[PDB]
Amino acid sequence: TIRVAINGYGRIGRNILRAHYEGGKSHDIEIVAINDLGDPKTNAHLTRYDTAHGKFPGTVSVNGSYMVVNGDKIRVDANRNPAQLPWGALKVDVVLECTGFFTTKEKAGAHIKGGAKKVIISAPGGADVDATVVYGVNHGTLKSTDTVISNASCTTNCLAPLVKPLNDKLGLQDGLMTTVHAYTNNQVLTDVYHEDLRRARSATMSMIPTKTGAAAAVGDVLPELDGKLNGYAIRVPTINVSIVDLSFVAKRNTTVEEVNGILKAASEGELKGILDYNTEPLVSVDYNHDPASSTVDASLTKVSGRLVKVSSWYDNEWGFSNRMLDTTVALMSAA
C-alpha cells in the first residue's frame, strides 16, 4: 500500500479524495493525513455536499483529531510550514501538494524535511522539477530516484493525449489551440482588483481571454514537438467542464475519416481509459463527473487542405483528480 497525505484541502484536494472513494478504492493507496488551515467541521461539510459534483455517496464524521471517511481514520493537521509536519512519524510515501504555494522543487523540498519520500505538485512546476507527467503519454520517463514531480495542468492533460496519436500516424507541423473553459475561483463575481486586468472583470457576464501555458507544455511531455504549439484560453460563464479546439497543419494530405479513425483506434488501444471517443450529439453538462482526460467529439472534426480542426471535451476538475491517483501509483512503481 502507498501512504498518501494531501497538503491543501481546497477543491483539488477534496476532489482527489472523492475520486478515490467513489471509484471503490481501486488504486492501492490509503489517504492517511490532510493538512489544511480551515475548521475541520467546515471541510467535512464541503466533502458531503458540492454544487458541481453533487452529494458524496459515502459517510463523513469528525472525531477528535481525525476525519473519518467510509470508516477510515484520516489525521487532520494545520501548519503553514511543511518542515514542521509529522510526515516521517506518519510514514508518508507521497504528499499531493495542492496549495499553489510550493510549485518548485526548492519549495516542495520542505515536505522532504518533514519526512515524506516524494511529492507530486497538482499544477505546472518550475524548471527545477524532476519530471512533468501526463499519465498515458509519458509516465514511462519516471525513475525510482525522482522525488519532486509535476502532474502538468488540466488543459495539458486534455491536449497531449489528442496530439500524440495524430503526430505518430499523420505528423503535426504546427498547431494553435483555443480552450473554451469554465470559470474558476481565481476569477471574480463583480469587478475587483486582480493581477490580471481581464480576470479582474465579472466572470458571470463575459467571455474573458487569458493566457495559458498548456500548448507550450506539450513540449515537456513530447519533446519532438517543443516549440511547435501555442494558444490561449477564453473563460466563459459555466461552473465546470471545458473544451479544447485544436487547429493544426498535417504533414501530408488527409480526410475527416482518416483523422477520426486514428483517434478512435488510439482510444481503444494504448490510450484506453485516458482518451475517449464520442459520436452522440451531447453538450458540456453531459461530461460533468466524467473521469477521462480527453473525449474527442467526432462530429466536430473538419479538414480543409492539410489544415485540420479537432475538438475534445474535458471535466477540468474530475479528469485531473483521477489522474493524480494514477500518477501516484506510476511514481512509486518506477524501476
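All residue numbers refer to positions in the sequence shown, first residue = 1.
Per-stretch averaging of Cα B factors for 109-117 and 91-99 places 109-117 on top. Comparing the deposited coordinates for 264-272 and 43-51, the stretch with the larger average C-alpha B-factor is 264-272. Between the residues 157, 79, 150, 238, it is 79 that shows the highest Cα B-factor in the PDB record. Note on the listed residues 222, 197, 249, 177: the highest Cα temperature factor in the record is that of 222.
Among the modelled residues of its chain, residue 310 has a C-alpha B-factor that falls in the lowest third, as given in the PDB entry. Residue-level temperature factors show residue 319 in the lowest third of its chain, judged at the C-alpha atom. Among all modelled residues in its chain, residue 287 ranks in the lowest third by Cα B-factor. When the modelled residues of the chain are ordered by their C-alpha B factor, residue 191 lands in the lowest third. Among the modelled residues of the chain, residue 280 sits in the middle third by CA temperature factor in this PDB entry.
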